[PDB]
2 protein chains.
Amino acid sequence: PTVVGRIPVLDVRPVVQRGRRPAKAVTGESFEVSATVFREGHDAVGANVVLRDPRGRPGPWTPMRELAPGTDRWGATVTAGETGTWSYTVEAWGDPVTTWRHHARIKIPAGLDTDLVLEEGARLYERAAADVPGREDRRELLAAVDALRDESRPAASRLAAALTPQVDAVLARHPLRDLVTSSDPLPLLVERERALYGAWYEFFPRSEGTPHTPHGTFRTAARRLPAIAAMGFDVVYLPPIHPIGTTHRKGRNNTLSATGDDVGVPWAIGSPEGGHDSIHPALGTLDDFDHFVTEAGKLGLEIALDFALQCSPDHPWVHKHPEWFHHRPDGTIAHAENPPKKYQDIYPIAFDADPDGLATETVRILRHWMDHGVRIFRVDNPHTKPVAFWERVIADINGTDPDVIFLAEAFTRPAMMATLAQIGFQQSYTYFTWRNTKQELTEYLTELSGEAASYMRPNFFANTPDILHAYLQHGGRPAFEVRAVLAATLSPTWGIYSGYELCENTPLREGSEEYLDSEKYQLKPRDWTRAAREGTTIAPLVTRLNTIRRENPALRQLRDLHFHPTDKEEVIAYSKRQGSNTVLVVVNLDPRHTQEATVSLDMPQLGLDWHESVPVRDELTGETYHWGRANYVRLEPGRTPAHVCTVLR
Amino acid sequence: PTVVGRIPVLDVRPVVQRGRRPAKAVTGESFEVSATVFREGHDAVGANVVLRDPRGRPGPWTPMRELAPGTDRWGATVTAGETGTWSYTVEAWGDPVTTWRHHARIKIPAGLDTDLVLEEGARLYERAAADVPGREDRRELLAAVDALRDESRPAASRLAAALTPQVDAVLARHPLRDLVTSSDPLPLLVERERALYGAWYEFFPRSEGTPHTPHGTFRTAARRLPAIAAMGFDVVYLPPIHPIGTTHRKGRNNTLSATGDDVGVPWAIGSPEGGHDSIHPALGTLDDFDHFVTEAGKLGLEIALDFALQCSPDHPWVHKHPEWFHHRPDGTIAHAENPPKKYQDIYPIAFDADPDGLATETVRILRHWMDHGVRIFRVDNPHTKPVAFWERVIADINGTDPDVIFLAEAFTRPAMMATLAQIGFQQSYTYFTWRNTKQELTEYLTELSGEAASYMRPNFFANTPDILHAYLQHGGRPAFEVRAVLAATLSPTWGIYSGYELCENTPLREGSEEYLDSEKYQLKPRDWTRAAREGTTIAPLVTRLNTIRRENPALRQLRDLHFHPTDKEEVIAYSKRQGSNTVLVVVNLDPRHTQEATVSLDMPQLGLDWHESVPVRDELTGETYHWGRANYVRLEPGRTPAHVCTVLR
Ligand SMILES: OC[C@H]1O[C@@H]2O[C@H]3[C@H](O)[C@@H](O)[C@@H](O[C@H]4[C@H](O)[C@@H](O)[C@@H](O[C@H]5[C@H](O)[C@@H](O)[C@@H](O[C@H]6[C@H](O)[C@@H](O)[C@@H](O[C@H]7[C@H](O)[C@@H](O)[C@@H](O[C@H]1[C@H](O)[C@H]2O)O[C@@H]7CO)O[C@@H]6CO)O[C@@H]5CO)O[C@@H]4CO)O[C@@H]3CO
Ligand SMILES: OC[C@H]1O[C@@H]2O[C@H]3[C@H](O)[C@@H](O)[C@@H](O[C@H]4[C@H](O)[C@@H](O)[C@@H](O[C@H]5[C@H](O)[C@@H](O)[C@@H](O[C@H]6[C@H](O)[C@@H](O)[C@@H](O[C@H]7[C@H](O)[C@@H](O)[C@@H](O[C@H]1[C@H](O)[C@H]2O)O[C@@H]7CO)O[C@@H]6CO)O[C@@H]5CO)O[C@@H]4CO)O[C@@H]3CO
Ligand SMILES: OC[C@H]1O[C@H](O[C@H]2[C@H](O)[C@@H](O)[C@@H](O)O[C@@H]2CO)[C@H](O)[C@@H](O)[C@@H]1O
Ligand SMILES: OC[C@H]1O[C@H](O[C@H]2[C@H](O)[C@@H](O)[C@@H](O)O[C@@H]2CO)[C@H](O)[C@@H](O)[C@@H]1O
């Protein structure tokens, strides 16, 4: 057996890990399958994609086209259906009819061998006719065969009868394919919509309490849910809900020693009261949690729980499984670190003495929470545990429960970030927060919407408890408005951490990305009512963004994205499409100064001619414009951060 | 069972066809193996390359280094030995000693836990000692262990005793490696020196005849061999040596109808006198050929025969194997083409009726010529026969005869060119002749010396019978001098077609790359003696170039190559290295005007400091200079094309 087939079909993409891990999609998502296809000699080739579902059934006729002239790179768009493990193959073949046609068009006017040429075409068309199941379509091709062979008619007339639109239409649907050659199948893991698309809201239940009982419970924290669903979110991400240790507990503002009433950091998991399978007694009981989850569901909210594989010094594991920790020679366990950040309040796990015990327990924990309706886990700092540990765990859980979604909070280097997604994390946190210029934003989203989309699905949290960017610190409310538009229009999954709406932007100190008086170390009650009546919240903008996303398929996908040029460095423009839905966005990245610019649209990239002028609606205001090749915009910070326009049908 | 190992080692390179075809080397050739290596958490990793020979034996300790900070990309150089099929693995591991050292250097001055830290280092070094086979080296590490544990000594003193050069030296050779993880093996095909390195001379024996018998024979053509060996060539490439057909024979200057004396084109193979396994009767017999090959061998010349899988209309195959041709409905066979070039004098082979019969016969033919000492085949237009056909043929021939070398004359698109090498062609013709500007030359050689060197070995023919470039037509002798220098210094294989030395540069007409009165269609006798006495030949330059190549290992490899900047667009500078041999070349690409420029050497890329001034010798003249960071040159066309300098040790 040779490595190349009769008709070379090489380097099929997408490919992950040389085919050892699957490429990714979700239900209804489209993406481009490509390959390098060519043949010996000078005759024409064709190619098509054969997409096979989990039961092995082939999809529709999906012909490919060469993507640029002389490159021999071919592509076609395919669309995932139901969830599960799919496969894709590229078939390449000689296209003798295209070849003949080319030669005929030249030879026949030139009077060169007209009878031999026309007979050769007749025999090609007959072979094509012998495969066509339709009787009418067969009749049509035999009628052309007859015409081609009618030696009483003029050459150019005979030929023209084989080149009619209705002959072309038959041949486009049922082409004569010589020497069909296939690649080896590549795998596609198709998952549920939410893996790609969803809006996320993070908050700490404990901060939503009362004057009598400041430490909120699941019963009191439930009252925040309706407001969260009303802002248009689909997922509520909770920090750790377990008991919190006392030894080395952190006080307010990341101070080393807690005082008597300090609540500590939820990520310092575990005490004599319980570990990762338990509920912090101040939040209530498992039954209260079930109530929280039921009420979330009725509002169309799924819960994502935080999963942090680490322990406070008081976690039961410390004495029950000492070999899950690395001990120094005096028996002590060094506290966890991410230099120059220190986590004095927790111990890191050691994985190499009892990897089987750790796997078994981890998945029991996850299954416990799964039995209570948590189908989405936000995994804390996954890059500080072994990659192969996550690979085995996710495989074990998705083996019985494929719907479960894991989000990797890996703010680390590219290689680890990529690899974590490739070994099975459905979603990933990203570098979004550190992309604020037009050049940074354009470069990064080109990367994320390109080849990386075959393995990574990004979750653009405009802020987190650990990340308050200088852009927001220095920008104020207009900056919060911009970042919200960007996140919500550039990724089909975005998120905010509670307080973002209120434009909280006081840092711990100059040049830090920590908040001052961070909610990680203290209860942080918020006057939601006042903010709403005094209009000091960007909650209405947030709500509108999620509505626009729910109303526009283009914003619920990642891969179709194009950046259109402008004459201003502060002003950025882009478009996204899904079927006939097209969304066009123009953002002023300057939060302090009004910017006026000219936006030059790539009209073909919108599916229009250059001279066309088509109507749009700015969905933020309801206002209408007529836009084309070049357009003046004027964006005043505070009044408008951006135009988020749909192209009107 | 997981795809990722305990310590991630990913995307090992070189890789060809995802591991389905081997990466390439020759004996004594060095190249970089790389991989992406990292781990969970913050501790250090290390990595090494394990090269395994055909009998499975591991090479030496070959430690890798990260190639750029923060990239997680690691590399080391390896060197191929004997010929055959090898394998390479990258091993990745935790490097606990580097990690410990880092922490110690900080903690010990800071007075933090000095006893615990020093004991932890002691126990690492003890484990390191248990692996070390050397007794002296073991003693050295245990002495450090003792020092580290000597609680009577100052902390910083204890530490310093574990960081001495002689401790480092032991640890560099025998490191403590945690959690060793390997990539899956990748294949390497190591072939003989001539596959990469060699100088080629093409001529037509029939042109070297006598006044009585103008049509030269193998006996008369042999007289040219001594002069070819004296110019320093290693390989003589002969056009087809078989009988030439009569039907549709071409006349002089590619005219359609031959007249009574016209000899025709050697590529129009076959007549009633014989086919591809026969000798043209006007060249003599097989015994005469044996004499030619024997005399070539005594002069250190190997012969490459042309292999052109195509027929004249009078080849016996036409009636013996009609199913090896495609016949039109009237029974005729369309003559071969490469549009807009037509080959009326030959029929192309059809491969799909009797592929097995074509394979069997092709390899019998090659083996015939092999039994007569032809161990190199120049394959004519391989891209017009199926890629899998070439794969099967080369594999069959190299299966029994691994020393045989095949050169692909595929002047075609990148995909086919790349693939033909990857399926087993040892060498390839290239775009060299159409790369004449500094930008073209720099770009193309960066490509050839980069990733493509894992599968493709280039053969830079400065001219061929089918390619007389405009640069030579418009440049005259100074152009010939430049192109020679380039070809000979940029590739470890180069070549010329007879008459190049005489600066023959008259095209068929303006804007053609054909020679006027081309040797393909006529006997072309040359007064070699007169040209030598009158100095109208660049044979002395050619000879000097081949001597320089024979005297300098740097020019017998491809992959080590760097372009140094200059302030003149017409002047190009580059360097190549192999061990302590460094060659530096500066060429004036302008054949009409003197050019003066400043050449700014990347001194580190030469292995020197910026301020250093190294002596060089221009090997073309014998003159000596002292060169460094910035150097004035002045290059007068006709007097000097280039400086070809060796850096003096
Ligand atoms: O006949 C049309 C063509 O004519 C002229 O081209 C010259 C050229 O200027 C000469 O130097 C020489 O070209 C060499 C190249 O130097 C050499 O690299 C190689 O070419 C290969 C390319 O390097 C490789 O990329 C590929 O080319 C593709 C290419 O990527 C595509 O873009 C596409 O090319 C089109 C051109 O864009 C288009 O403008 C025109 O080209 C003119 C050109 O302007 C003019 O100066 O047509 C082509 C579309 O067919 O297609 C090609 C694939 O065919 O592969 C090629 C080699 O196949 O080899 C050539 C010559 O052997 O010679 C040409 C004239 O022969
Ligand atoms: O001196 C340290 C460092 O401090 C400052 O970094 C800022 C930065 O300006 C902020 O925007 C943000 O950084 C983000 C990045 O925006 C984000 O991309 C990501 O960074 C990743 C990179 O994308 C990726 O390339 C890789 O980084 C490697 C890098 O390729 C290496 O070249 C090497 O970088 C060195 C730099 O040459 C040097 O400038 C300095 O870095 C500064 C930085 O200039 C400055 O603005 O030192 C490093 C050598 O340590 O190393 C890194 C790997 O460490 O992976 C990173 C992943 O981090 O994420 C960061 C935030 O993590 O925040 C930082 C504040 O630290
Ligand atoms: O109590 C443990 C630890 O939690 C925090 O750090 C988290 C952080 O919030 C996550 O976003 C990510 O960086 O992982 C960290 C560890 O789980 C606190 O900020 C930290 O001070 C605290 O010690
Ligand atoms: O005899 C056929 C054909 O020979 C020449 O074309 C060659 C060319 O020289 C080869 O090196 C390569 O390109 O393939 C061709 C045929 O094998 C002549 O140039 C041409 O006129 C002639 O028809």
Side-chain angles (χ1 to χ4, degrees), chain A residues 202 239-240 244-245 248-250 253-255 264-269 306 308-312 335-338 340-348 378-384 409-417 429-436 440 443-444 447 464-467 469-471 497 511 513-514 518-521, chain B residues 68-73 202 239-240 244-245 248-250 253-256 264-269 306 308-310 312 335-338 342-346 348 378-384 409-411 429 464-467 497 514 518-521:
Chain A
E202 185 181 351
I244 294 181
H248 293 300
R249 179 182 278 202
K250 299 244 196 120
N253 285 294
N254 208 17
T255 47
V265 185
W267 285 269
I269 297 149
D306 195 296
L309 196 31
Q310 54 194 25
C311 298
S312 88
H335 65 71
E337 296 204 353
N338 254 92
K341 291 175 162 55
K342 290 177 181 192
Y343 314 133
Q344 289 87 340
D345 50 341
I346 50 167
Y347 291 153
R378 184 277 196 179
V379 182
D380 195 70
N381 298 301
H383 57 125
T384 54
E409 181 235 359
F411 298 118
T412 186
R413 307 192 294 281
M416 172 64 103
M417 273 169 131
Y429 281 79
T430 76
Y431 299 145
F432 178 72
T433 53
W434 302 286
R435 303 286 181 279
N436 300 279
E440 289 166 1
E443 282 173 4
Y444 195 56
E447 185 195 306
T464 80
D466 310 287
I467 305 162
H469 199 270
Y471 180 86
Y497 150 53
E513 295 189 345
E514 293 291 311
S518 165
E519 197 168 1
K520 291 180 292 178
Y521 320 96
Chain B
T71 63
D72 304 302
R73 194 71 188 166
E202 184 181 352
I244 295 175
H248 291 293
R249 180 182 278 201
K250 298 244 194 121
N253 285 293
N254 206 22
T255 48
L256 216 107
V265 184
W267 285 271
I269 298 160
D306 197 297
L309 190 32
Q310 56 196 30
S312 90
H335 65 72
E337 296 204 355
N338 254 88
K342 290 175 182 190
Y343 313 134
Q344 287 87 340
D345 52 338
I346 44 90
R378 183 278 198 178
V379 177
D380 195 70
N381 300 286
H383 56 126
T384 55
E409 181 234 2
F411 299 115
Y429 280 80
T464 80
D466 309 287
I467 306 159
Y497 150 54
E514 292 290 311
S518 166
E519 196 169 0
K520 291 180 291 178
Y521 320 96

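First the proteins, then the strands, lettered A, B, ... as listed; each starts at 1. Heavy-atom basis, side chains included; hydrogens, waters and symmetry copies ignored. Every number for a ligand or one of its atoms is a count from 1 in the order of the listing.
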May I ask you to decide if A:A268's main-chain N or O and A:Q310's side chain share a donor-acceptor pair within less than 3.5 Å? no
Could you identify the single nearest non-hydrogen protein atom to atom 23 (O) of ligand 3 and state the distance to 0.1 Å? A:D345 OD1, 2.4 Å
For the rings on A:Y444 and A:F432, is their centre-to-centre separation under 6.0 Å? no
What atoms of ligand 4 come within less than 4.0 Å of a heavy atom belonging to B:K250? 20 (C), 21 (O), 22 (C), 23 (O)
Would you mind running through ligand 4 and noting each atom that sits below 4.0 Å from a heavy atom of B:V265? 1 (O), 4 (O)
Heavy-atom pairs closer than 4.0 Å: do any link ligand 4 to the side chain of B:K520, the backbone, both, or neither? side chain
I want to check something: taking the side chain as every heavy atom from C-beta on, are A:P239 and A:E202 in contact at a cut-off of under 4.5 Å? yes
Out of all atoms in ligand 3, which are within 4.0 Å of some heavy atom of A:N381? Include the element for each. 12 (C), 13 (O), 14 (O), 15 (C), 16 (C), 17 (O)
Options B:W267, B:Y343, B:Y521, ranked by nearest heavy atom to atom 18 (C) of ligand 4, top entry: B:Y521
Residues passing the side-chain contact (heavy atoms from CB on, under 4.5 Å) test with A:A336, sequence neighbours excluded, are A:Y343, A:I346, A:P348
Quick one: does A:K341 get within less than 4.0 Å of ligand 3, heavy atoms only? no
Determine, considering heavy atoms only, which of B:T464, B:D466, B:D380 sits nearest to atom 17 (O) of ligand 4. B:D380
Which of the numbered atoms in ligand 4 are under 4.0 angstrom from any heavy atom belonging to B:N254? 21 (O)
Regarding B:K520 and B:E514, does a basic nitrogen lie under 4.0 Å from an acidic carboxylate oxygen? yes
Which bit of B:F411 is near ligand 4, meaning a heavy atom under 4.0 Å away: side chain, backbone, both or neither? neither
More than 12 non-hydrogen atoms from neighbouring residues, nucleotides or ligands closer than 6.0 Å to NE2 on B:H248, yes or no? no
Under the ring pair (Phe, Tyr, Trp, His ring centres under 6.0 Å) rule, collect the residues that match up with A:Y521, sequence neighbours excluded. none
Does some non-hydrogen atom of A:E409 fall short of 4.0 Å from ligand 3? yes
When you compare the side chain of A:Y431 with that of A:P414, does any pair of heavy atoms fall below 4.5 Å? yes
Kindly say whether the aromatic ring centers of A:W434 and A:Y471 come within a distance under 6.0 Å. no
Taking the side chain from B:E409 and the backbone from B:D380, do they hold a donor-acceptor pair closer than 3.5 Å? no
Atom indices of ligand 3, in the order listed, that fall short of 4.0 Å to a heavy atom of A:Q310: 16 (C), 17 (O)
Within-4.5 Å side-chain heavy-atom neighbours: A:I269 and A:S312: no
Under 4.0 Å from a heavy atom of A:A268: which atoms of ligand 3 are those, numbered in the order shown and with their elements? 1 (O), 2 (C)
Close residues (non-hydrogen atom under 4.0 angstrom from ligand 2) work out to A:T412, A:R413, A:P414, A:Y431, A:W434, A:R435, B:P69, B:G70
Test of understanding: with side-chain hydrogen bond (donor to acceptor under 3.5 Å, both in side chains), list the residues that count as partners of A:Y429, not counting sequence neighbours. A:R378
For ligand 3, which part of A:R378 has a heavy atom less than 4.0 Å away: the side chain, the backbone, both, or neither? side chain
Just by distance, with hydrogens left out, do A:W267 and A:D345 show a side-chain donor and acceptor under 3.5 Å apart? no
